[PDB]
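Everything below concerns the one structure shown next.
Every heavy atom of this structure was used, including side-chain atoms; hydrogens, water molecules and symmetry mates were not. One-based numbering along the sequence shown.
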Amino acid sequence: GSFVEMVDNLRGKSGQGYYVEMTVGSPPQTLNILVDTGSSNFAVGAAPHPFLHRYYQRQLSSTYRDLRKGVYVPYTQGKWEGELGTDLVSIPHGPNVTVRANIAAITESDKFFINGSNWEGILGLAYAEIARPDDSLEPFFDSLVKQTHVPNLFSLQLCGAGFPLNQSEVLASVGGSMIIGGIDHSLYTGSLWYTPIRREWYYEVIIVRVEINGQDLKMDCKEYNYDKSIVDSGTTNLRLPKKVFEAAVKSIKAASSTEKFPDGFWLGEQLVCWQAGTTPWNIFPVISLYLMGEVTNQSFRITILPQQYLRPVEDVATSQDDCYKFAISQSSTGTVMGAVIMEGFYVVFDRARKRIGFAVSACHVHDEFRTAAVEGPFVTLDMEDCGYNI
Ligand SMILES: CCC[C@H]1CN(Cc2ccc(CN3C(=N)N[C@](CCC4CCCCC4)(CC4CCCCC4)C3=O)cc2)C(=O)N1
């Protein structure tokens, strides 16, 4: 591991997000910031909110610069609005550099901040094309790379605990690593396999085959990427296009048929519980997503376990049972490889070479019989046809 200063710099969990400490302004104001590979704005709470115990105070920063422009960002289940400006930004457990970056000072929001998440802002790590108000507002990572010698690449190791963490525990536990400018070899086992970034807006990739316990879902592969497939640390679940979700759930139900679960469990709404230590991992199937490789007609696969797609949650009765929610859900906006999938792997966002790498994570949860995997190569033809075009 050559990046010790950045190893173990994340905290959090899949359901509320993983965050990194950052500082903004002069003198530095410390804030915890959500790592979000699914957006491209650096936006921080800048006014009192019931769920924030701190926020960015522009009037206290000598280096604050007002851009005299507002920004409104509505999204699926909420929105955030703010005032744009720039200031000096640093990451204490990151590269030892300070850069001048755009900051959206959030003045109003709806269903954005999460009670008990411990973060006060978000770091959009995707490309300018999806930055708001438009692509002229340079994203943080672009600024970092342009102003310093930091390589144009970052990598993420999100570590799920495999069991519920109470408030004190989640504040004291290490949730993973965000390595800025490099790859730390202590964070993964086996080899790294790369898939091309299809287009630079979201971190878009192409899935070419899907298996449930080795059985091919056998759908037209364009269905797997309708209308896109992205890697998003800001989403909790593995989200799949409606038809793919329906096919996958049918296959997962068939594989786990020795136990019957209520419809609410499969809808990802209700938890299922087992007596302490008796979770029947073995009856649930592994899921393999084959991704386009860097070589023509070549693919590789990433395989996750139920220890990744069953999200630990505390029982309504705080009992001693081990409980979980099904963390695979349907989408009308494409496939989303959320945090529960990322928890199985060390993911390298190699912006410089327009590719995303995957390797088995040194902190993935598993049992004595099965482990997550990243394997290849496999001969796969006409993979370009798996991409969807409007
Ligand atoms: C952290 C875990 C939270 C829960 C909520 N939750 C549902 C959910 C639904 C959609 C998205 C996609 N997504 C995203 N990655 N960032 C934003 C802006 C996208 C951006 C794209 C370009 C155009 C402008 C908006 C803001 C979010 C970021 C997370 C905090 C809330 C606001 C967004 O909507 C993520 C999560 C989930 O699963 N776990």
Side-chain angles (χ1 to χ4, degrees), residues 12-18 34 36-39 75-78 111-112 114 117 158 160 162 164 202-207 210-213 217 219 221-257 259-273 279 281 283-289 291 302-314 316 323-345 347 364-365 372 388:
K13 56 187 174 178
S14 64
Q16 300 195 309
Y18 285 90
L34 176 71
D36 184 15
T37 64
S39 65
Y75 49 89
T76 287
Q77 299 180 181
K111 300 178 183 185
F112 183 74
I114 301 179
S117 73
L158 306 187
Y202 287 98
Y203 282 104
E204 188 183 5
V205 301
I206 298 178
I207 292 166
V210 175
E211 292 170 7
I212 302 300
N213 257 2
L217 212 55
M219 298 179 80
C221 67
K222 274 179 144 58
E223 293 243 44
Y224 303 143
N225 312 286
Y226 171 67
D227 62 336
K228 58 180 177 300
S229 289
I230 70 172
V231 181
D232 181 13
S233 61
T235 288
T236 297
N237 292 355
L238 161 60
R239 304 187 66 229
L240 302 168
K242 190 170 190 290
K243 307 304 189 181
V244 180
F245 174 77
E246 286 170 349
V249 170
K250 174 178 285 297
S251 181
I252 293 166
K253 281 176 170 176
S256 62
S257 73
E259 269 186 48
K260 169 69 177 183
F261 303 95
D263 298 336
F265 168 73
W266 301 109
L267 284 175
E269 299 164 356
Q270 79 180 68
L271 56 58
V272 289
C273 299
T279 303
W281 302 113
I283 76 173
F284 285 94
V286 301
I287 298 171
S288 297
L289 298 184
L291 293 168
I302 63 175
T303 301
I304 61 169
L305 311 176
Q307 282 93 337
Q308 278 73 61
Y309 67 77
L310 295 189
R311 185 168 64 82
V313 298
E314 191 51 275
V316 180
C323 311
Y324 313 79
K325 281 184 182 178
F326 183 59
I328 300 182
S329 56
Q330 72 167 268
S331 174
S332 66
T333 56
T335 292
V336 184
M337 296 173 52
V340 299
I341 302 308
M342 296 185 64
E343 280 175 356
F345 312 95
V347 189
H364 84 277
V365 181
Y388 178 79

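Qualifying side-chain contact (heavy atoms from CB on, under 4.5 Å) partners for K228, counting only residues two or more places apart in sequence or in other chains: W201, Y202, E204, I230, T333.
No more than 12 heavy atoms of other residues, nucleotides or ligands lie within 6.0 Å of CD in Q77, so this atom counts as exposed by the packing criterion.
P306 and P285 make their closest contact through CD-O, 3.7 Å (heavy atoms, listed as atom of the first residue, atom of the second, distance). Between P262 and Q270, the shortest heavy-atom distance links the atoms CG-NE2, 3.3 Å. Contact record, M219 with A247: SD-CB, 3.8 Å, taken as the closest heavy-atom pair. Contact record, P164 with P312: N-CB, 3.9 Å, taken as the closest heavy-atom pair. Shortest non-hydrogen contact noted between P241 and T335 is CD-OG1, 3.1 Å. Of all heavy-atom pairs spanning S229 and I207, the tightest one is OG-CD1, 3.9 Å.
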Does the side-chain contact (heavy atoms from CB on, under 4.5 Å) test come out yes or no for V244 and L217, once each step is laid out?
CA-CA 9 Å; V244 180; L217 212 55; 4.2 Å; yes
Would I328 and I287 count as a side-chain contact (heavy atoms from CB on, under 4.5 Å) if you check the C-alpha gap in whole Å, the side-chain angles of each, and the deciding distance to 0.1 Å?
CA-CA 11 Å; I328 300 182; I287 298 171; 3.6 Å; yes
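The backbone N or O of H364 sits nowhere less than 3.5 Å from a side-chain atom of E343 that would complete a donor-acceptor pair. With hydrogens and angles disregarded, no donor-acceptor distance shorter than 3.5 Å links the side chain of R311 to the backbone of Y324. Using a distance-only test at 3.5 Å, with no hydrogens or angles considered, no donor-acceptor pair links the side chain of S14 to the main chain of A339. Side chain of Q16 to backbone of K13: no donor-acceptor contact under 3.5 angstrom is found.
A heavy-atom distance below 4.5 Å is found between the side chains of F265 and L310. Contact of the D36 side chain with the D232 side chain is registered, since non-hydrogen atoms from C-beta on lie closer than 4.5 Å. Side-chain contact between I302 and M337 is present, with at least one heavy-atom pair separated by less than 4.5 Å.
Atom CZ of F326 sits about 4.0 Å away from atom CD1 of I252, to the nearest 0.5 Å. Note that OG of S288 and CD1 of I212 are 8.0 Å apart. Values are rounded to the nearest 0.5 Å. Rounded to the nearest 0.5 angstrom, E211 CD and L289 CG are separated by 10.0 Å. Taken from OG in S331 to CG in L240, the straight-line distance is 8.0 Å, to the nearest 0.5 Å. The distance from the OH atom of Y224 to the CG atom of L291 is 12.5 Å, given to the nearest 0.5 Å. Within the model, atoms CG of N237 and NZ of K325 stand 10.0 Å from one another, a figure rounded to the nearest 0.5 Å.
For the side chain to side chain contact (heavy atoms under 4.5 Å, CB included) test with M342, the passing option among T235, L238, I304, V347 is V347; the others fail.
Between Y388 and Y226, the ring planes are perpendicular. Angles over 60° get that label, and only those under 30° would be called parallel.
Aromatic ring centroids of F261 and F284 lie under 6.0 Å apart.
Taking 4.0 Å as the cut-off between side-chain N and carboxylate O, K242 and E246 count as a salt-bridged pair.
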